[PDB]
Amino acid sequence: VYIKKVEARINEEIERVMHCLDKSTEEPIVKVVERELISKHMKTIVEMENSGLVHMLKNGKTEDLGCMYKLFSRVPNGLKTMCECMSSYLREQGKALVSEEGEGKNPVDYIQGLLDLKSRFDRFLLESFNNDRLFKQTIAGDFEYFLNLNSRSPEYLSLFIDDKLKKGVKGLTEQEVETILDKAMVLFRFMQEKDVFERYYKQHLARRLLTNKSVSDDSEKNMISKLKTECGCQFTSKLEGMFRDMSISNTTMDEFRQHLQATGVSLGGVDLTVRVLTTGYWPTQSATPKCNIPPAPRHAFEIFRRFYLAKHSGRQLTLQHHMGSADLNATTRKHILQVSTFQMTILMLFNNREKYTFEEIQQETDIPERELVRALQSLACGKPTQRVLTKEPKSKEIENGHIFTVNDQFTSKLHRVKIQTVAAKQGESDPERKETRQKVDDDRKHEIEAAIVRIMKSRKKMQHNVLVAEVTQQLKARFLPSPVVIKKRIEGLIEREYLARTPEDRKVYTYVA
Amino acid sequence: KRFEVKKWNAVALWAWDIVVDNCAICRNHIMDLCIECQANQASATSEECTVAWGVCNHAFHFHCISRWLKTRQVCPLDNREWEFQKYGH
Ligand SMILES: [Zn+2]
Ligand SMILES: [Zn+2]
Ligand SMILES: [Zn+2]
Numbered sequence: 232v233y234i235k236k237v238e239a240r241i242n243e244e245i246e247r248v249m250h251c252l253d254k255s256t257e258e259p260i261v262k263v264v265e266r267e268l269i270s271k272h273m274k275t276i277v278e279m280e281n282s283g284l285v286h287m288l289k290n291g292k293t294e295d296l297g298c299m300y301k302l303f304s305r306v307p308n309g310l311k312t313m314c315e316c317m318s319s320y321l322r323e324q325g326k327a328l329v330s331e332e333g334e335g336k337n338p339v340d341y342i343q344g345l346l347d348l349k350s351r352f353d354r355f356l357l358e359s360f361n362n363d364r365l366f367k368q369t370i371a372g373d374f375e376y377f378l379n380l381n382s383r384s385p386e387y388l389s390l391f392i393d394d395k396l397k398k399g400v401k402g403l404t405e406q407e408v409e410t411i412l413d414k415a416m417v418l419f420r421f422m423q424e425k426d427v428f429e430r431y432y433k434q435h436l437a438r439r440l441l442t443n444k445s446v447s448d449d450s451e452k453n454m455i456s457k458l459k460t461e462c463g464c465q466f467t468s469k470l471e472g473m474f475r476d477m478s479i480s481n482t483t484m485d486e487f488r489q490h491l492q493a494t495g496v497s498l499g500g501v502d503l504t505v506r507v508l509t510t511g512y513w514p515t516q517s518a519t520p521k522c523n524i525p526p527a528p529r530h531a532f533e534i535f536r537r538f539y540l541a542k543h544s545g546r547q548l549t550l551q552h553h554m555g556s557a558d559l560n561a562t587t588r589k590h591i592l593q594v595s596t597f598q599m600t601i602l603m604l605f606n607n608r609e610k611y612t613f614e615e616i617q618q619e620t621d622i623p624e625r626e627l628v629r630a631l632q633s634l635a636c637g638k639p640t641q642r643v644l645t646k647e648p649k650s651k652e653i654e655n656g657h658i659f660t661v662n663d664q665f666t667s668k669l670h671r672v673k674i675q676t677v678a679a680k681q682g683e684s685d686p687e688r689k690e691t692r693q694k695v696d697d698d699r700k701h702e703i704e705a706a707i708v709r710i711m712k713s714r715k716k717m718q719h720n721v722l723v724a725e726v727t728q729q730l731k732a733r734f735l736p737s738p739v740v741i742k743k744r745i746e747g748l749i750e751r752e753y754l755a756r757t758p759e760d761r762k763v764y765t766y767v768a
Numbered sequence: 020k021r022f023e024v025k026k027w028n029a030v031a032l033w034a035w036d037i038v039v040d041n042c043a044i045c046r047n048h049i050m051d052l053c054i055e056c057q058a059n060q061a062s063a064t065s066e067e068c069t070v071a072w073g074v075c076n077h078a079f080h081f082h083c084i085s086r087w088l089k090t091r092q093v094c095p096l097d098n099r100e101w102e103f104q105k106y107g108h
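Each protein sequence line maps, in turn, to chains M and R.
Quick note on numbering: the first sequence equals residues 232 to 562, 587 to 768 in the entry's author numbering.
The entry's author numbering numbers the first residue of the second sequence as 20 and each following residue consecutively.
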């Protein structure tokens, strides 16, 4: 209530001075009144306690913020401390939200909460501060400072955007989708470490395109537009190349099916769906797995391999198992199951002969070590009342001599029941995080070297630390400069030609090829 | 039978004739260093001597085609603009 009272006092004072005194009468009066009231109340009334600035902002009082902005704007150095206190509150809220201590947090919920906080602050700014430049600069700086506190913040943003892009069950219409995408890209604007963001976005693209299609079929393109406008003409073009490769794959698959229908010799080739991808776009899963392929599928794949090694003579069709899916027709009705190219071999072995165990599926299968146990537990361990592969030794841990059985499980109310044990709650385990961190470290290692060999060929030479500033400025919007890494890597090229960059003779660099 | 497979959604990966046994630029291998590195250590001093993958699914040593970019600018086994879509095997 003090702000309203002082505003009324100022209004009555100026009215009295303009009506009861001389014509100008106001410059020293208003200056000294401001210097007495605001310059003394500014330090203590906004930070002490009992509904100051932080409390009147936490509860969401728009009128209080508006009147404070319209009052403190007259006195110099008022907006400075106002923005300082707002930034302090923002840092406190972010530290309370970006806290890493504690496992079991949903990345999509975390990104949603961060975006909600950003939208709330933007609404407060638009409603009270009248789009002041200083407040926008301060909030942008605060977001940049507090967001890069954790190294999994871009990963969580990628998970949130994947959750929003996989299906628009929330916000069926387009207006709210557009608004939330704009808010998400605005939040991404005040973020660093774009390399991990791009890597995880590409991984999410691979996950969403190599699974059941028809997710949005147009919102994916809206998102590519957004990323192109934000990140720049960089890797969004590589994702467009990936989409073109996918188009080639599908158009060639249906063409080859039509050619096989005209031949009428496709035996193992029934309702098939083979996708042809390029090594560069999609990274290898782990080590290109290998195992006994079921008879009918094997024949189909062998015919497709002949088709690719003959028309496109040279295409090395490498076999793999950590990708794709299948529809297993089981059989009182005929319910079709679903296998994600993991349980096909085990279930085929069961079809050939039942009453098997871990030894049987580890001896006559030649299957990788851990991805086998993952599928084995996805089939039996931790499964709700839809068990398609039961066992007698009911236990959490996996034993060796355990017999496997099958159950009816009439709980499925349709003929197309799928076992979606994969793509579970985001665990982001230590091994995968470490391996992707190493991969992105190598990505930065090539990103710096390619830049230094592309730019410095047409630039000047450095003596001690001249060109490093330029190479860090060119990568300022990409990631951290990492001075020790770049310093250790620039001195490794001296072993051979093409700008050896002689250390001892650091006076003239070889401007040759 | 009790379980029969109707549909399959396999994904086929393809690679061109990169000649894993002879680098198309240096003729050593698709790994195991290159002509200008030879010995494994050879005063490595960090840096890297891994494999470089292009947009055309061609693979050479990073050093080989990094030097070859000064001689020409179209991948020798074809006429395509060479990209750097991947680094390492
Ligand atoms: Zn070579
Ligand atoms: Zn080398
Ligand atoms: Zn090529």
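Ideal Cβ placement from N, Cα and C applies to all residues, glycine included.
| Item | Value |
| --- | --- |
| Nearest to R/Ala61 (by Cα), restricted to the options M/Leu748, M/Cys636, M/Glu486, M/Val446 | M/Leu748 |
| Exposure of M/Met599, with buried meaning 16 or more beta-carbon neighbours within 10 Å | buried |
| Cβ contact check for the stretch 48-61 of chain R and the stretch 588-597 of chain M: 3 or more pairs under 8 Å | no |
| Residues near M/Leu508 by beta carbon distance below 7 Å, same chain, minus five either side | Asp476, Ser480 |
| Cβ-Cβ distance between M/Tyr376 and M/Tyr341 below 7 Å | no |
| Proximity below 7 Å, CB of M/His657 to CB of M/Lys646 | yes |
| Min CB distance M/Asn560 to chain R below 7 Å | yes |
| Residue range of the unbroken alpha helix (DSSP H) whose run includes M/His286 | 285-289 |
| Neighbourhood of M/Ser319 by C-beta distance below 7 Å, restricted to the same chain and skipping five residues each side | none |
| Cβ contact (3+ pairs, closer than 8 Å) linking the stretch 543-551 of chain M and the stretch 20-33 of chain R | yes |
| Simplified DSSP state of M/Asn720, which is helix, strand or coil | coil |
| For M/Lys646: DSSP bridge partner residues | M/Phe659 |
| Contact with chain R by M/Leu644, beta-carbon distance below 7 Å | no |
| Within 8 Å of chain R by C-beta, residues of the stretch 728-758 of chain M in sequence order | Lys743, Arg744, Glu746, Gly747, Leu748, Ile749, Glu750, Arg751, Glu752, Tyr753 |
| Beta-carbon proximity list for M/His670, same chain, < 8 Å, skipping 5 on both sides | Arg588, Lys589, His590, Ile591 |
| Per DSSP, the bridge partner or partners of R/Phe79 | R/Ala71 |
| Same chain only: Cβ atoms within 7 Å of R/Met50, ignoring 5 sequence neighbours per side | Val70, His108 |
| Members of the stretch 695-709 of chain M that neighbour chain R once the beta carbon cut-off is set at 9 Å | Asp697, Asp698, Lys700, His701, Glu704, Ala705, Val708 |
| M/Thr504 in three-state terms, based on DSSP | coil |
| Exposure label - M/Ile601; buried when at least 16 CB within 10 Å | buried |
| Chain M contact residues for residue 113 of chain R, given Cβ-Cβ distances below 9 Å | Examination of residue 113 of chain R is not possible in this model, given that chain R is present from 20 through 108 alone. |
| Distance cut-off 6 Å: R/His82 Cβ against heavy atoms of ligand 2 | yes |
| Residue(s) in a DSSP beta bridge with R/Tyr106 | R/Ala71 |
| Pairwise C-alpha distance: M/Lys326 and M/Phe360 | 25 Å |
| Chain-order list of residues whose beta-carbon lies under 8 Å from that of M/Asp621 (same chain, five-residue window excluded) | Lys521, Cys522, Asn523 |
| Between the CA atoms of M/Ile616 and M/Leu604 - distance to the nearest angstrom | 8 Å |
| Pair within 7 Å by beta-carbon distance, M/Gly495 and M/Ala531 | no |
| Near-chain R residues of the stretch 600-631 of chain M (beta-carbon distance less than 7 Å), N- to C-terminal order | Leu602, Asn606 |
| M/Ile591 (DSSP reduced to helix, strand or coil) | strand |
| C-alpha distance - M/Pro525 paired with M/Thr482, whole-angstrom precision | 26 Å |
| Segment contact flag, the stretch 409-417 of chain M with the stretch 354-372 of chain M, C-beta cutoff 8 Å, min 3 pairs | no |
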